[PDB]
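Protein chains in written order, with the authors' numbering: chain w, 1 to 219, 230 to 446; chain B1, 57 to 78; chain x, 21 to 439; chain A3, 11 to 49; chain q, 5 to 110.
Report on the following structure.
Structural data, given as structure tokens:
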């Protein structure tokens, strides 16, 4: 049978392999008829230059538009032949091509996925088809208040580093961008060790590694500054006013990365539409549900290579914005002093819950494996997670959060009707209790 | 023309906000 | 490990279970009472009933629940459709029993306190609003209203004049009428059969009474048009397909994947879909077309849901529509048939793999059939689809009465007589 | 519960804050001289 | 240590009720109570037919105290009839806070 500790123990473990030129391989076997095959590259925006800015997201489109051996829309008709779905997506630190398909068709799968990574037909017929689509998306992307307001947040905190910039880059580059830079950008960042292959499904390791297949792969971080600042785009038309507040935090591999995972579970999150009511446990989900001080808010946690961001994101009506900010800083400050053993548990449990339920399904597993290798190295420390959790103790939390919260310089970014959002020197004077 | 995964739509409310579907 | 063990009771409530290796352990409970069981004066109840899961049980205060579940770190869900409401609940390997304890009390031992009902009233509007931001929702609910008379046309949401009209009695009656031990199905996943098998027989045995089937839905013609300011027309065009559990109900599913286009390649305009391609050649700038198929117990509908601009709307429909006639004229390609069936097998298997997704399809058979069908059987049933059958089936769509709904600027919209 | 958290080491100091305060506030025994104290 | 005095109590309590004026204005036992937070919530849940008839007795009560006069003693409340209607609601609200107040101990 299965007991909580026992259920950790029987899982197909990570497999690893090398090729000669620095490509990597890895996999797992779920005894399942379907499989995810993918590729995860570390070539990001924070590498790209000021002229190359946006090229990455630009390239991201062209790959499926036809390639060296299989011209335009000959490629797709083979994917739709298998009936396999096909996907790609980007991120500031990563880029991912992957396929969900039956275990059977895998022989073509890689050999297809192989080609797309490197050989790409680049035809200015496609470019002008593309250069519109982007100049179509940029102007629209104003329509989503969320995605915007983040692009405020980075630029305001990180100003003066390659990390401080948009993914897609300013519009003007989209016009001027010529496939010369692309080929250069292609040439630079797509070699191994950068590249990583992964997969999970009915695949066995060795039946992969042979058809890891006779193909080929290929032949920098500097730390970033933290600028305590503010930005306000004040626009009084719109009905509601977003806010985001954040403080800087550690990178991927680091012990404190776990402690803070738990805190932001405890403060919890509320939304308009929950069935919670006024009886919820999360002290901001009880209060802000009572009077609907804010329509909804979630806490986010983002960790880059050497750096991470902590903070929340909340929407509320303009007369109400003050009262969030206070009641917020109540929470962070009651943690760093007055926290308690009991309340820890309800935080601790949820993390065990979400961590595990995050592993259902083929792709979410595989997707994890991809970033992990680039991140922590090979480590997929599943059962170890639990072992790392029991580290967490009362004195653990209050020693951790005393670092990053108490008496710091926040980063505020907001989007109108911001007007009531207090002037900066209030917030800074609201981070540190005077004991009241 | 969206059922798209499965038959018609849905409504779900618990905690986590709500979900529509096809 | 072990495969599906489903056990009738004398009571008639199906139970089934597996034993997993995972710390993931989840339970589900399905009931036959959906929207189709709301009556004229009975409207809007189900859509309230679905929000009340946190109210006070018979034995436990509404407070002790909500703090209780979260302390464990559990999660409770609710789901409805036009047919089967399902209370889903999930937690860790260990703690299920305390949580299995609450699941009953909610559905077994309700109490509706008039002062705890009235406070919840305003919630509906907040719920109803965020639902209709996607008009692709709001188009559908009109559609059923056009294509029926009595039952299925009912909304999944509460009409507005009906808001302050929900009395506890209405609830407390609709509880016991359409809840019964014949109509319910309890499905575990990671838990041993006997533990599950024990408690269910105890609490969930009530009556009797059952099942009030008086809805034949009586497919009947009609159409609905609506004029709003939005600049993008939506359109649906539907004729009556056949009921679930038929090679036809299988055949239509074959037919869609021929025409029916979900994106299989991100940003890729689907060239394998004859429909979206057959249009784009003779037409202009953005639009979208997709086939639409859903099947219920006594009947199911088939059609295609389109989106365009105000000018193109007239042509988009006529273009796509005649394209179907081509197929009804005998034009066919066996490879596409062979290709489509592959997509279907693909679309189905990848759909099932996820536990939750798997969990739903389990009981979906249960309340309908009462058995389990291994996916292999599905597969072998898939390829049984004949070519002329597909054609002949599509010959029914064109040859039979149709219905429509449209929301947006209608200036150029055709009517069902011009088609 | 009652967990009395750093509030205790907090209060403890604050108590010692004013205690010295009065001595500083006032004079009296002037206090064993201990770095200059007039005669 | 009360037996006959107990039988003398109801001579005082059941009779005491006669010695506290609120019998003589038309009030009841319940409508007297000093308002408190629970009562604030206890009031909400009363259906109409009780609620208004809780109002009118007061509204008639106060006015009389303005004119320093007292109802005809035929129409005084009768101790045998004592409407307790408040209790069945009130014990709920006292109960249901006990739980939170205790559940939040630990």
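For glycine and all other residues, C-beta sits at the position ideal for the given N, C-alpha and C.
Item: Touch test, the stretch 13-32 of chain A3 against the stretch 425-436 of chain x, Cβ-Cβ under 8 Å, three pairs minimum; Value: no
Item: N- and C-terminal bounds of the alpha helix (DSSP H) containing residue 139 (chain w); Value: 124-141
Item: N- and C-terminal bounds of the alpha helix (DSSP H) containing residue 330 (chain x); Value: No alpha helix (DSSP H) contains residue 330 (chain x), which DSSP labels as neither H nor E.
Item: Any chain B1 beta carbon closer than 8 Å to residue 95 (chain w); Value: no
Item: Candidates 87 (chain w), 52 (chain w), 425 (chain w), 106 (chain w): closest to residue 33 (chain w) by CA position; Value: 106 (chain w)
Item: Nearest-angstrom Cα separation, counted from residue 383 (chain x) out to residue 206 (chain x); Value: 8 Å
Item: Close Cβ partners of residue 103 (chain w) (< 7 Å) along its chain, the five nearest in sequence each way excluded; Value: 33, 34, 35, 201, 202, 203
Item: DSSP-derived helix/strand/coil call for residue 70 (chain q); Value: helix
Item: Own chain residues within Cβ distance below 8 Å of residue 63 (chain x), not counting five before or after; Value: 174, 175, 178, 179, 182
Item: Beta carbon of residue 88 (chain x) nearer than 8 Å to that of residue 111 (chain x); Value: no
Item: Beta-carbon proximity of residue 72 (chain w) to residue 71 (chain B1), cut-off 8 Å; Value: no
Item: According to DSSP, residues forming a beta bridge with residue 322 (chain x); Value: 259 (chain x), 313 (chain x)
Item: Contact set between the stretch 44-75 of chain q and chain x, restricted to residues whose Cβ is under 8 Å from the partner; Value: 48, 49, 51
Item: Under 7 Å by beta carbon: chain w residues contacting residue 69 (chain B1); Value: 283, 285
Item: Contact list for residue 102 (chain w) against chain x, beta-carbon separation under 7 Å; Value: 366
Item: Cβ shell of residue 384 (chain w) (< 8 Å), same chain only, five flanking positions each side left out; Value: 40, 42, 94, 196
Item: Reduced DSSP secondary structure (H/G/I, E/B, other) of residue 49 (chain x); Value: strand
Item: Terminal residues of the beta strand (DSSP E) in which residue 107 (chain q) lies; Value: Residue 107 (chain q) -> not in any beta strand (DSSP E); alpha helix (DSSP H) instead, spanning 91-107.
Item: Cβ of residue 348 (chain w) within 8 Å of any chain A3 Cβ; Value: yes
Item: Residue 150 (chain x): contacting residues in chain w (beta-carbon distance under 9 Å); Value: 282, 283
Item: Proximal chain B1 residues relative to residue 176 (chain x), where beta-carbon distance stays under 8 Å; Value: 65, 67
Item: Cβ of residue 59 (chain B1) within 8 Å of any chain w Cβ; Value: no
Item: For residue 279 (chain w), the nearest candidate out of 390 (chain w), 321 (chain w), 250 (chain w) (CA to CA); Value: 321 (chain w)
Item: Cutoff 8 Å: residue 132 (chain x) Cβ touching any chain q Cβ; Value: no
Item: Under 8 Å by beta carbon: chain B1 residues contacting residue 356 (chain x); Value: Those within 8 Å of residue 356 (chain x) in chain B1 number zero; the least Cβ separation is about 18 Å.
Item: Which of helix, strand or coil DSSP assigns to residue 104 (chain x); Value: coil
Item: Between the CA atoms of residue 76 (chain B1) and residue 320 (chain x) - distance to the nearest angstrom; Value: 21 Å
Item: Short Cβ contact (8 Å threshold) for residue 58 (chain q) with residue 35 (chain q); Value: yes
Item: CB contact flag (residue 238 (chain w), residue 421 (chain w), <8 Å); Value: yes
Item: Entirely enclosed beta strand (DSSP E) segments - the stretch 383-428 of chain x, minimum 3 residues; Value: 422-428
Item: Test item: CB-CB of residue 153 (chain x) and residue 252 (chain x) under 8 Å; Value: no
Item: Coarse secondary structure for residue 415 (chain w), derived from DSSP in three states; Value: coil
Item: Cross-chain neighbours of residue 87 (chain x) in chain q, by beta carbon under 8 Å; Value: 107
Item: Nearest candidate by alpha-carbon position, reference residue 304 (chain x), set 335 (chain x), 290 (chain x), 218 (chain x), 245 (chain x); Value: 335 (chain x)
Item: N-terminal and C-terminal residue of the beta strand (DSSP E) that residue 36 (chain w) is part of; Value: 34-41
Item: Listed by chain order, chain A3 residues near residue 353 (chain w) by CB distance under 8 Å; Value: In chain order: nothing, as chain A3 lies at least about 10 Å away.
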